[PDB]
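Scroll down for the structure; my scribbles are underneath it.
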Amino acid sequence: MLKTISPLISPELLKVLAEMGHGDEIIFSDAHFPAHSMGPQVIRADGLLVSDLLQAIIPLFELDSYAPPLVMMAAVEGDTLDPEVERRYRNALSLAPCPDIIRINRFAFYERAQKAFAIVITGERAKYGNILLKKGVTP
Amino acid sequence: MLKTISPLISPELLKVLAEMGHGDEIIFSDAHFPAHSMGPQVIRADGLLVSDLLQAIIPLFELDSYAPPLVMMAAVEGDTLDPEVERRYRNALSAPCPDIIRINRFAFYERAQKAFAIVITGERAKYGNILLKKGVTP
Amino acid sequence: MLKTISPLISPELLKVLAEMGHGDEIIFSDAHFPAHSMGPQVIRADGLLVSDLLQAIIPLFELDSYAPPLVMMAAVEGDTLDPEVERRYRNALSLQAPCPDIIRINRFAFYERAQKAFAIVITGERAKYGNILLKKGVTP
Amino acid sequence: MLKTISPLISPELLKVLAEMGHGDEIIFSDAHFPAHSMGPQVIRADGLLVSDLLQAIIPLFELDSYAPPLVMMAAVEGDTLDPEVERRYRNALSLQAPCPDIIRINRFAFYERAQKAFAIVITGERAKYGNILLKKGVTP
Amino acid sequence: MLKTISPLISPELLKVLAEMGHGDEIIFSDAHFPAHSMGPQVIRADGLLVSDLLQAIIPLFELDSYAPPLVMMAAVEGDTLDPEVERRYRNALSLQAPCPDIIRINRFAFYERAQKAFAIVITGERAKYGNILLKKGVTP
Amino acid sequence: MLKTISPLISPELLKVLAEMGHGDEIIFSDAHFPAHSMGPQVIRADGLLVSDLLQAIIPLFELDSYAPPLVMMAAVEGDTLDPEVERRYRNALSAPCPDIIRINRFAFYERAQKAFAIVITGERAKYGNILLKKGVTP
Amino acid sequence: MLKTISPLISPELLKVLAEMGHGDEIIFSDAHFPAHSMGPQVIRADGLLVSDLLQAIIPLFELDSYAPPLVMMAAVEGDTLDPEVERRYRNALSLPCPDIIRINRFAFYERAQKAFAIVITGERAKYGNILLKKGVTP
Amino acid sequence: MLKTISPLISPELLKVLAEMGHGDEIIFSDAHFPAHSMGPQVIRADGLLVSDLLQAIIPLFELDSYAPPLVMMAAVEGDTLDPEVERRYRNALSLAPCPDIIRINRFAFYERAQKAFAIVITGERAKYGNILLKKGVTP
Amino acid sequence: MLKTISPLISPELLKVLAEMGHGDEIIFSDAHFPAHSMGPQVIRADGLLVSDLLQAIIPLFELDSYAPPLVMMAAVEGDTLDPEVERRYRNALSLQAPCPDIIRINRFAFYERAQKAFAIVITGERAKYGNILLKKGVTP
Amino acid sequence: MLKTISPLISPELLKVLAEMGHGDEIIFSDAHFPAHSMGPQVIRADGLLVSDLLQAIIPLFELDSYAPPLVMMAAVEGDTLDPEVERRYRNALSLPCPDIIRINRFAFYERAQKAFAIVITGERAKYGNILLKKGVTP
Ligand SMILES: C[C@@H]1O[C@@H](O)[C@@H](O)[C@H](O)[C@@H]1O
Ligand SMILES: C[C@@H]1O[C@@H](O)[C@@H](O)[C@H](O)[C@@H]1O
Ligand SMILES: C[C@@H]1O[C@@H](O)[C@@H](O)[C@H](O)[C@@H]1O
Ligand SMILES: C[C@@H]1O[C@@H](O)[C@@H](O)[C@H](O)[C@@H]1O
Ligand SMILES: C[C@@H]1O[C@@H](O)[C@@H](O)[C@H](O)[C@@H]1O
Ligand SMILES: C[C@@H]1O[C@@H](O)[C@@H](O)[C@H](O)[C@@H]1O
Ligand SMILES: C[C@@H]1O[C@@H](O)[C@@H](O)[C@H](O)[C@@H]1O
Ligand SMILES: C[C@@H]1O[C@@H](O)[C@@H](O)[C@H](O)[C@@H]1O
Ligand SMILES: C[C@@H]1O[C@@H](O)[C@@H](O)[C@H](O)[C@@H]1O
Ligand SMILES: C[C@@H]1O[C@@H](O)[C@@H](O)[C@H](O)[C@@H]1O
């Protein structure tokens with residue numbers, strides 16, 4: 001734990017976040033995500049909701065302006081998604097407003113998770129609660 | 001995650017709990033515990049309370065009936081404990097929850113140095129550290 | 001071991017099952033499978049039957065409903081497969097609710113698929129074609 | 001697996017048994033033993049009985065004749081030990097020739113001794129005091 | 001780098017600072033300190049002043065209040081401390097509130113304590129006796 | 001060592017043989033084989049002949065009946081083989097010893113690169129390298 | 001620290017510069033460079049300006065005369081460089097020729113994936129990345 | 001394999017032998033020795049007799065003159081030892097004669113094997129075929 | 001060090017030389033070669049001349065006779081080789097019999113081959129183009 | 001290699017010397033020293049004379065002024081040193097004081113177990129071992 005920094009961010013994630021450079025991507029997945037088979041280093045955040053890390057990390061993480069900074073997974077046809085999830089993610093990320101969030105199909109998302117800098121799997125239970133953040137040029 | 005098992009328990013902690021044998025000790029510490037300098041493997045559980053992990057693990061973890069299975073830290077001289085902590089931990093570990101005994105910071109740290117693992121949590125209370133001793137799984 | 005969880009599941013396997021997410025695949029091979037050269041981590045369960053493991057894991061493992069969750073190996077040219085195997089695998093998998101249909105794929109495609117699995121658990125099953133792949137779903 | 005060798009013996013255990021020399025000790029513990037904190041390398045054999053392993057290993061493992069080759073744990077104050085355990089352990093060990101007498105030592109001295117063992121194989125034996133230590137001899 | 005947190009703190013140091021608990025100790029040494037032979041993990045901070053790093057971490061690092069949290073090295077017989085080093089350090093450490101009195105211990109006593117430190121950050125401070133140890137407290 | 005098992009087989013090779021599955025390939029090379037630059041794990045057996053290891057392993061190692069289980073190296077153009085080698089290897093691997101097929105140095109090395117392991121021996125003969133493919137243990 | 005050698009160079013960087021041979025390329029990046037994602041080993045030099053290292057390094061590092069020895073990043077189209085960055089760099093390097101080649105952001109990343117090492121500095125100036133190519137030490 | 005050097009010495013043993021300095025000790029044990037539980041690095045020489053390595057290594061290994069260079073294990077009371085074993089060891093080591101060989105009790109031998117530089121376990125089947133060599137000042 | 005074998009050969013190099021098989025290649029480069037970026041394991045031999053190391057290993061290293069076993073680097077346009085380097089190398093390599101003709105290939109071709117070498121020994125040879133590659137043959 | 005720095009110093013030795021701080025001790029041993037048995041990290045410098053390294057190292061390495069900075073091995077009782085060894089060493093070091101302390105063979109080993117590193121050279125001279133203690137870099 002450290003002062004002025006959300007105690008919800010583990011020491012290892014703190015390191016990962018700092019090591020990230022312009023353009024690096026990090027995923028905060030829901031609890032159902034196959035994080036461990038993607039390839040990048042995985043960090044567990046089992047007792048937390050994605051919205052928890054988002055609000056904890058946003059004052060530290062500059063979002064990329066050179067590319068879509070926020071990406072989520074699109075529900076497969078014949079499946080159900082929750083409208084509220086994306087709503088609080090935006091609220092958690094609004095320091096003030098945050099860029100629009102774009103959804104790509106689940107496979108496209110995995111494909112990109114495979115090249116990500118790291119993956120943080122949380123306890124988010126809602127379906128399709130996975131979100132990718134692309135880092136910008138930290139001022 | 002997994003069905004019928006608390007998702008608050010990370011897979012690595014699930015492995016640790018399963019590997020532990022009779023007499024093995026694990027510590028669930030508060031956020032201020034010097035967990036990483038004790039020696040045993042450390043598992044972070046930052047967003048959770050000690051009482052959260054205690055209740056999640058108890059239906060899987062039989063407590064030792066051959067020796068004191070629950071050990072907490074005695075307040076250092078010129079300092080006092082928060083009454084709310086121990087009572088909350090007992091509640092979480094309830095068969096009845098065995099009695100809890102206190103031992104000075106020296107003896108607690110000496111045992112922490114030799115514990116099977118240390119799970120550091122987001123528990124903010126002072127003296128929120130607790131040592132559990134595994135018994136024989138029935 | 002732990003209470004409420006089958007003792008047949010090793011600590012490492014419990015970790016593996018918990019780490020797996022939606023779509024991840026895990027193989028429970030018979031004793032003849034070339035598990036160690038496939039690529040993924042290998043957990044040995046020598047002396048144990050695949051069916052005994054399936055029955056122990058099924059109450060915690062959600063099978064994928066987004067795609068066929070069960071894949072077995074088709075017999076190779078000239079071989080006859082023992083119907084007793086798939087019969088007791090489905091039974092073990094039907095512990096709480098009947099299990100989905102099992103599909104069969106060419107031995108080469110099975111290996112190519114084993115090369116991408118999350119993990120491989122090699123058991124004591126001595127019958128040929130006793131390998132079965134499981135695909136995890138979304139834990140309800 | 002391999003021909004002429006029990007399939008119940010994992011590859012790692014076969015290596016371990018072959019590496020052991022005269023006087024080296026290996027423990028086959030029950031499922032309750034604190035094997036992972038003792039120190040020596042641990043091989044898991046979850047779901048398997050100690051007696052089933054002993055019967056599989058005895059034809060390859062020479063028991064030491066220079067010192068007591070079999071050590072078991074004495075029950076702790078208040079506990080009763082099941083005579084059925086030591087009974088089937090000796091039977092399994094008597095596969096080709098009757099096995100030596102088994103000695104019992106205090107739980108603390110057993111652990112102190114486990115800390116020096118070559119390896120520890122934790123099995124699926126669920127009975128208490130199902131731990132047994134074997135000391136290798138000179139392969140004739 | 002990150003926003004909010006000073007970029008003078010390398011990602012590895014940030015992780016270290018966060019893992020430290022109440023009572024844990026960290027050394028920010030001058031360029032002449034035998035950092036690598038003490039025992040704990042070392043983080044190089046060549047080119048940076050100790051006072052640069054103290055200012056960077058003070059907003060995140062609560063000092064121990066259960067014991068003297070600031071310790072520097074006493075000058076060895078024949079040498080004499082440069083009070084300006086302490087001034088700079090004191091000002092960096094007093095950016096939020098007056099820092100506790102800074103205690104000075106003998107060279108060898110300092111090394112002994114370093115052997116048990118959580119980590120050691122060797123900087124570019126070229127002034128003699130530019131070493132300082134910080135003890136962590138209960139984070140508010 | 002171990003009773004009923006050849007002491008010529010090191011514990012590590014004993015582990016390797018046991019881990020190998022159907023279709024897995026292992027090479028027993030002569031002393032001049034570039035074993036350490038192929039890729040797979042290498043096990044030294046310097047004082048032994050390939051025929052020594054072949055005979056020791058055969059009572060434990062069932063050979064593949066689904067594909068060519070024995071592969072040797074074809075002599076490079078402008079070079080010739082020593083007749084005594086292949087015949088000695090067949091003798092060592094005798095159920096009858098399946099037929100042996102030759103493949104150029106390129107195809108042999110390509111497979112060596114992907115083999116499960118390589119056991120380099122003290123076999124001094126030229127082209128004394130042989131690749132065994134494991135079958136289904138009965 | 002060592003006499004005659006700039007104390008700004010960490011022992012690890014000293015080792016890296018010494019291990020580099022003719023043609024090897026090293027990058028001293030700004031704080032925003034995605035160094036850890038490229039592939040080569042990374043040396044953190046947080047808080048230091050690129051120009052500080054260049055000045056510290058140049059007396060020991062011979063620049064390649066067989067190929068352009070200095071490469072920088074061209075500004076993203078439509079954007080412009082801060083002329084002070086390169087002026088500061090040219091001075092630190094004590095720079096007849098050689099000139100500084102400028103390659104596009106991604107072309108720069110491509111070449112950085114194959115570099116000997118990447119030293120990420122505390123340089124906050126936009127496009128402060130510079131790649132140096134070692135020559136033959138006189 | 002290398003020219004002029006016994007092909008019976010594996011590459012790793014070659015390295016160990018060379019890394020050894022004045023006073024370092026190395027054990028060539030029989031096949032019954034508990035080499036792997038002693039502590040030092042172990043090298044397998046399964047198809048060889050101790051006498052094989054001895055004759056292969058002696059032209060490379062200078063024996064210590066500052067201390068007893070050759071030590072073997074004494075048979076426990078109530079056990080049998082082979083007179084020929086020590087005989088050929090001496091013959092193998094005689095390049096020309098080799099120092100006397102002294103026997104210490106089995107436990108004393110293990111105790112010393114625990115601090116040795118390395119242990120080479122061979123296929124020597126004879127009981128008490130273990131021998132320790134102490135390296136001298138290589139000329 | 002050892003007797004019989006030249007003490008100029010570090011224990012790690014001796015091991016490497018012995019593990020090499022027919023066709024394996026090793027580079028003894030000059031002090032300016034980019035040894036560490038090629039890919040293979042590197043052994044430092046600072047201070048020693050390439051000709052010093054060639055004399056040391058020739059008695060133990062059979063050259064390949066199935067292909068040109070000796071390869072050096074051609075001078076880059078603008079440069080010119082110092083024939084005395086080759087003389088020294090030739091004499092060291094001819095201590096037991098006339099060494100095969102020494103072939104010279106382009107700089108980049110040499111690097112390409114180095115990426116696939118068994119190992120690289122970078123020495124203190126400060127003359128340009130002091131690099132030489134050896135291909136191992138069937139040891140008599 | 002690096003300009004201004006002796007090419008005799010390997011990159012790893014350069015790193016080690018740079019990491020050493022005030023009071024740390026480094027040993028440059030002769031070829032007969034049991035370096036790998038002592039405990040500290042070992043850097044091979046086969047073929048090089050101790051005096052060659054000392055000459056290469058001294059311009060970068062400040063000797064301790066707070067404690068005797070040079071220690072050597074006293075000859076085994078009844079034996080004698082070759083005066084040329086130390087004369088050669090004193091010259092390489094460009095050596096008012098300090099004097100060279102001589103400790104018995106085993107006392108030397110004891111201190112070598114706690115040294116920062118051991119560089120084993122090709123020095124064949126009896127008792128060519130020398131321990132240097134680092135001071136405060138000016
Ligand atoms: C079908 C999808 O599968 C994975 O991507 C999960 O992380 C999602 O939440 C969803 O269940
Ligand atoms: C004095 C004690 O120090 C550590 O053990 C903390 O984890 C406790 O909560 C308490 O503050
Ligand atoms: C031909 C097949 O080969 C492997 O896949 C074995 O695991 C099967 O049981 C069967 O023998
Ligand atoms: C009291 C004893 O504790 C451990 O040694 C267990 O392995 C035993 O079975 C018994 O429960
Ligand atoms: C004598 C002392 O030695 C070390 O502790 C240095 O870090 C100090 O600055 C001082 O030079
Ligand atoms: C040309 C071939 O090269 C290697 O494969 C050797 O192992 C063979 O015996 C033969 O010499
Ligand atoms: C757009 C570019 O992104 C990275 O390459 C940074 O290192 C540059 O300075 C610039 O910000
Ligand atoms: C009793 C002794 O035990 C070990 O020391 C063996 O290596 C000996 O050969 C002998 O059998
Ligand atoms: C131009 C060449 O570059 C490298 O290959 C050096 O090793 C050569 O000696 C030469 O300087
Ligand atoms: C007797 C001594 O043994 C070692 O310390 C050698 O390094 C010395 O040079 C001497 O030979």
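In the structure tokens, each chain is lettered A, B, ... as it comes, each chain's residues begin at 1, and ligands are numbered from 1 in order of appearance.
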Practice task
List all protein, DNA and RNA residues that have an atom no more than 6 Å from any atom of ligand 5, counting only C-alpha atoms and all ligand atoms, and report them as a PyMOL selection string.
Solution key: (chain E and resi 30+32-33+107+128-130) or (chain J and resi 22+136)
Would you mind exporting C-alpha atoms of the selected residues as a CSV table (one decimal), in the first residue's frame?
chain,number,residue,atom,x,y,z
E,30,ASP,CA,25.2,7.5,-2.3
E,32,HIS,CA,30.0,5.0,-2.9
E,33,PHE,CA,27.9,2.6,-0.9
E,107,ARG,CA,29.2,3.0,9.5
E,128,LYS,CA,30.3,11.3,1.3
E,129,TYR,CA,27.8,10.1,3.9
E,130,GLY,CA,24.9,10.7,1.5
J,22,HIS,CA,33.6,1.2,-0.4
J,136,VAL,CA,35.8,6.0,-2.2
Practice task
Name the residues in contact with segment 55-72 of chain I at a cut-off of 6 Å, using only C-alpha atoms, excluding same-chain residues fewer than 2 positions from it; report them as a PyMOL selection string.
Solution key: (chain H and resi 2-3) or (chain I and resi 6+52-53+92+102-104+131-137+139)
Practice task
Using atom CA of residue 7 of chain I and atom CA of residue 44 of chain J as the two end points, give the distance in Å to one decimal.
Solution key: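 The value is 11.3 Å.
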Exercise for the section: Just need the residues of chain I within 8 Å of chain J, counting only C-alpha atoms, so spit them out as number ranges by chain. Expected result: I: 1, 7-10, 31-32, 44-48, 124
Which residues of chain G come within 10 Å of ligand 9, and what is each one's closest atom pair and distance in Å (one decimal), counting only C-alpha atoms and all ligand atoms, sorted by chain and residue number, as a tab-separated table?
residue	atom	partner	partner_atom_place_in_ligand_line	distance
G:21	CA	ligand 9	7 (O)	7.3
G:22	CA	ligand 9	3 (O)	5.3
G:23	CA	ligand 9	3 (O)	7.3
G:64	CA	ligand 9	1 (C)	9.6
G:65	CA	ligand 9	1 (C)	9.5
G:66	CA	ligand 9	1 (C)	7.5
G:135	CA	ligand 9	3 (O)	7.9
G:136	CA	ligand 9	11 (O)	5.7
G:137	CA	ligand 9	11 (O)	8.8
Problem - Distance criterion (only C-alpha atoms): nearest to chain J out of G:34, G:39, G:59, G:78 - result: G:59
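Pocket residues of ligand 10, taken as those with any atom at most 9 Å away using only C-alpha atoms and all ligand atoms, are residues 21, 22, 23, 66, 136, 137 and 138 of chain H; 29, 30, 31, 32, 33, 34, 35, 73, 75, 76, 105, 106, 108, 109, 123, 124, 125, 126, 127, 128 and 129 of chain J.
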Residues of the last selection are to be written out with N, CA, C and O atoms, as a compact mmCIF listing (two decimals), in the first residue's frame.
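Everything below was put into result-v4.txt:
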# COMPACT_ATOMS: atom_id res chain seq x y z
N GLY H 21 40.17 -26.43 -8.12
CA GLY H 21 41.42 -25.79 -7.76
C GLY H 21 42.15 -26.62 -6.73
O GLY H 21 41.70 -27.69 -6.34
N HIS H 22 43.29 -26.11 -6.27
CA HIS H 22 44.08 -26.81 -5.28
C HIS H 22 43.22 -27.15 -4.07
O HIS H 22 42.58 -26.27 -3.49
N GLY H 23 43.20 -28.43 -3.70
CA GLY H 23 42.44 -28.84 -2.54
C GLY H 23 41.00 -29.27 -2.76
O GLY H 23 40.40 -29.87 -1.87
N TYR H 66 49.72 -31.74 -0.51
CA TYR H 66 49.53 -31.04 0.75
C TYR H 66 48.56 -31.78 1.68
O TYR H 66 48.34 -31.37 2.82
N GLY H 136 45.75 -31.34 -6.54
CA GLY H 136 46.94 -30.63 -6.10
C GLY H 136 47.19 -29.35 -6.88
O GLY H 136 46.26 -28.78 -7.45
N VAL H 137 48.44 -28.89 -6.88
CA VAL H 137 48.81 -27.68 -7.61
C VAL H 137 49.25 -28.09 -9.00
O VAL H 137 50.39 -28.51 -9.21
N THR H 138 48.33 -27.99 -9.96
CA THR H 138 48.58 -28.38 -11.34
C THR H 138 49.80 -27.69 -11.94
O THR H 138 49.84 -26.47 -12.05
N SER J 29 42.89 -14.23 -8.40
CA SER J 29 43.63 -15.42 -8.00
C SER J 29 44.50 -16.02 -9.08
O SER J 29 44.36 -15.70 -10.27
N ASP J 30 45.42 -16.89 -8.67
CA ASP J 30 46.27 -17.59 -9.62
C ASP J 30 45.43 -18.77 -10.13
O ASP J 30 44.35 -19.03 -9.61
N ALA J 31 45.92 -19.47 -11.14
CA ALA J 31 45.21 -20.60 -11.73
C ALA J 31 44.91 -21.78 -10.80
O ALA J 31 44.04 -22.60 -11.09
N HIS J 32 45.61 -21.85 -9.67
CA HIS J 32 45.45 -22.95 -8.74
C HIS J 32 44.46 -22.71 -7.61
O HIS J 32 44.12 -23.62 -6.86
N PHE J 33 43.99 -21.47 -7.50
CA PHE J 33 43.06 -21.09 -6.45
C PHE J 33 41.71 -21.80 -6.63
O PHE J 33 41.17 -21.85 -7.73
N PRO J 34 41.17 -22.38 -5.54
CA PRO J 34 39.88 -23.08 -5.57
C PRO J 34 38.70 -22.10 -5.60
O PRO J 34 37.77 -22.17 -4.78
N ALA J 35 38.75 -21.18 -6.57
CA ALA J 35 37.74 -20.14 -6.75
C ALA J 35 36.27 -20.56 -6.73
O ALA J 35 35.46 -19.95 -6.03
N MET J 73 48.68 -13.91 0.15
CA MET J 73 48.81 -15.14 0.91
C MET J 73 50.23 -15.37 1.39
O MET J 73 51.18 -15.28 0.61
N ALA J 75 53.28 -17.64 2.47
CA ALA J 75 53.65 -18.97 1.98
C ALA J 75 53.39 -20.02 3.06
O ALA J 75 53.43 -19.71 4.26
N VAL J 76 53.10 -21.24 2.63
CA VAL J 76 52.88 -22.32 3.59
C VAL J 76 54.17 -22.41 4.39
O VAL J 76 55.26 -22.34 3.81
N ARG J 105 47.28 -19.22 4.22
CA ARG J 105 46.49 -19.90 3.21
C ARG J 105 45.00 -20.05 3.55
O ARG J 105 44.13 -19.66 2.77
N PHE J 106 44.71 -20.62 4.72
CA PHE J 106 43.32 -20.84 5.13
C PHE J 106 42.63 -19.56 5.60
O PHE J 106 41.42 -19.40 5.41
N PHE J 108 43.20 -16.84 4.35
CA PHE J 108 42.91 -16.20 3.07
C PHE J 108 41.61 -16.76 2.49
O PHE J 108 40.78 -16.01 1.97
N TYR J 109 41.44 -18.08 2.58
CA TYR J 109 40.23 -18.73 2.07
C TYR J 109 39.00 -18.23 2.83
O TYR J 109 37.96 -17.97 2.23
N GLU J 123 47.58 -16.90 -13.99
CA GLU J 123 48.83 -16.73 -13.25
C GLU J 123 49.23 -18.09 -12.69
O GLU J 123 48.49 -18.69 -11.90
N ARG J 124 50.40 -18.59 -13.09
CA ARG J 124 50.89 -19.89 -12.66
C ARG J 124 51.88 -19.78 -11.50
O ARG J 124 52.32 -20.79 -10.95
N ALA J 125 52.23 -18.56 -11.12
CA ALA J 125 53.17 -18.35 -10.03
C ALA J 125 52.55 -18.77 -8.70
O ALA J 125 51.38 -18.49 -8.44
N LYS J 126 53.33 -19.46 -7.88
CA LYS J 126 52.85 -19.89 -6.57
C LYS J 126 52.49 -18.64 -5.75
O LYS J 126 53.18 -17.62 -5.84
N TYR J 127 51.41 -18.73 -4.99
CA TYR J 127 50.94 -17.62 -4.16
C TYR J 127 50.76 -16.32 -4.93
O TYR J 127 51.17 -15.25 -4.48
N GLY J 128 50.11 -16.42 -6.09
CA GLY J 128 49.88 -15.24 -6.90
C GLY J 128 48.55 -14.59 -6.59
O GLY J 128 48.15 -13.64 -7.28
N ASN J 129 47.87 -15.08 -5.56
CA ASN J 129 46.57 -14.53 -5.16
C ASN J 129 46.72 -13.16 -4.52
O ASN J 129 47.60 -12.94 -3.69
Problem - Within 9 Å of ligand 2, counting only C-alpha atoms and all ligand atoms, residues as a ChimeraX atom specification - result: /B:29-35,73,75-76,79,105,108-109,123-129 /E:21-23,66,137-138
Go ahead and save the residues from that selection, with C-alpha atoms, as a short mmCIF file (atom, residue, chain, number, x, y, z; two decimals), in the first residue's frame.
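Saved as result25.cif:
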data_model
loop_
_atom_site.label_atom_id
_atom_site.label_comp_id
_atom_site.auth_asym_id
_atom_site.auth_seq_id
_atom_site.Cartn_x
_atom_site.Cartn_y
_atom_site.Cartn_z
CA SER B 29 -2.35 -10.28 6.89
CA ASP B 30 -3.67 -6.74 6.93
CA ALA B 31 -2.40 -4.31 4.25
CA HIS B 32 0.36 -2.99 6.53
CA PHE B 33 2.01 -6.33 7.27
CA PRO B 34 5.65 -6.64 6.09
CA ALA B 35 4.60 -9.75 4.15
CA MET B 73 -0.86 -10.53 17.29
CA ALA B 75 -0.63 -5.20 20.77
CA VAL B 76 2.85 -3.74 21.32
CA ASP B 79 -0.45 0.58 21.94
CA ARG B 105 4.98 -9.33 17.50
CA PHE B 108 4.30 -13.85 15.32
CA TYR B 109 7.04 -12.65 12.97
CA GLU B 123 -7.60 -5.15 5.44
CA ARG B 124 -6.99 -1.64 6.76
CA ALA B 125 -7.41 -2.30 10.49
CA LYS B 126 -4.39 -2.41 12.81
CA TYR B 127 -3.31 -5.80 14.12
CA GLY B 128 -5.53 -7.46 11.55
CA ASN B 129 -3.07 -10.31 11.00
CA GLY E 21 4.90 -2.99 5.08
CA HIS E 22 5.04 -1.37 8.50
CA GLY E 23 8.60 -1.63 9.78
CA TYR E 66 6.74 3.22 16.22
CA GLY E 137 4.81 3.13 8.87
CA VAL E 138 1.10 2.37 8.81
#
Exercise answer, 6 Å around ligand 8 with only C-alpha atoms and all ligand atoms, as a PDB file with N, CA and C atoms, in the first residue's frame:
ATOM      1  N   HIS D  22      22.171 -46.236  -1.537  1.00  0.00           N
ATOM      2  CA  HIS D  22      22.115 -46.897  -0.236  1.00  0.00           C
ATOM      3  C   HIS D  22      21.910 -45.959   0.951  1.00  0.00           C
ATOM      4  N   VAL D 138      21.269 -52.081  -0.920  1.00  0.00           N
ATOM      5  CA  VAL D 138      22.241 -52.261  -1.990  1.00  0.00           C
ATOM      6  C   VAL D 138      21.633 -53.227  -3.009  1.00  0.00           C
TER       7      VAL D 138
ATOM      8  N   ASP H  30      30.571 -45.786  -6.610  1.00  0.00           N
ATOM      9  CA  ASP H  30      30.096 -46.999  -7.245  1.00  0.00           C
ATOM     10  C   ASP H  30      28.614 -46.757  -7.488  1.00  0.00           C
ATOM     11  N   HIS H  32      26.013 -47.941  -6.131  1.00  0.00           N
ATOM     12  CA  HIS H  32      25.142 -48.027  -4.960  1.00  0.00           C
ATOM     13  C   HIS H  32      25.172 -46.798  -4.073  1.00  0.00           C
ATOM     14  N   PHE H  33      26.085 -45.887  -4.377  1.00  0.00           N
ATOM     15  CA  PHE H  33      26.271 -44.684  -3.585  1.00  0.00           C
ATOM     16  C   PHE H  33      25.119 -43.696  -3.674  1.00  0.00           C
ATOM     17  N   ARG H 106      32.516 -45.451   6.385  1.00  0.00           N
ATOM     18  CA  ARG H 106      31.428 -45.011   5.510  1.00  0.00           C
ATOM     19  C   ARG H 106      30.760 -43.676   5.861  1.00  0.00           C
ATOM     20  N   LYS H 127      31.153 -53.637  -4.025  1.00  0.00           N
ATOM     21  CA  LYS H 127      30.845 -52.911  -2.801  1.00  0.00           C
ATOM     22  C   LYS H 127      32.038 -52.048  -2.414  1.00  0.00           C
ATOM     23  N   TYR H 128      31.753 -50.889  -1.836  1.00  0.00           N
ATOM     24  CA  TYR H 128      32.787 -49.960  -1.404  1.00  0.00           C
ATOM     25  C   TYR H 128      33.774 -49.632  -2.520  1.00  0.00           C
ATOM     26  N   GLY H 129      33.245 -49.260  -3.682  1.00  0.00           N
ATOM     27  CA  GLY H 129      34.099 -48.904  -4.798  1.00  0.00           C
ATOM     28  C   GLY H 129      34.237 -47.395  -4.920  1.00  0.00           C
TER      29      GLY H 129
END
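Neighbours of residue 70 of chain J closer than or equal to 10 Å, with only C-alpha atoms counted and sequence neighbours fewer than 5 positions away skipped, come out as residues 25, 26, 27, 63, 64, 98, 99, 100, 101, 102, 130, 131, 132, 133 and 134 of chain J.
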Handout entry: Atomic separation - atom CA of residue 24 of chain G relative to atom CA of residue 38 of chain I, Å
Key =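 Atom CA of residue 24 of chain G lies 9.8 Å from atom CA of residue 38 of chain I.
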Practice task
Can you pull out every residue within 8 Å of residue 59 of chain B, counting only C-alpha atoms, but drop anything in the same chain fewer than 3 positions away, and send it as number ranges by chain?
Solution key: B: 55-56, 62; C: 3-4
Handout entry: DSSP strand (DSSP E) residues within chain C, as a PyMOL selection string
Key = chain C and resi 25-29+41-45+70-73+103-105+119-123+132-135
Practice task
Would you mind listing the residues within 9 Å of ligand 3, counting only C-alpha atoms and all ligand atoms, as a PyMOL selection string?
Solution key: (chain C and resi 29-35+73-76+79+107-108+110-111+125-131) or (chain F and resi 21-23+66+135-137)
Exercise for the section: Have a look at B:67, B:4, B:18, B:91 and name the one nearest to ligand 4; count only C-alpha atoms and all ligand atoms. Expected result: B:67
Practice task
Run DSSP on the backbone and give me the residues of chain C it puts in helix (DSSP H, G or I), as a VMD selection string.
Solution key: chain C and resid 11 to 19 35 to 37 50 to 57 83 to 93 107 to 114
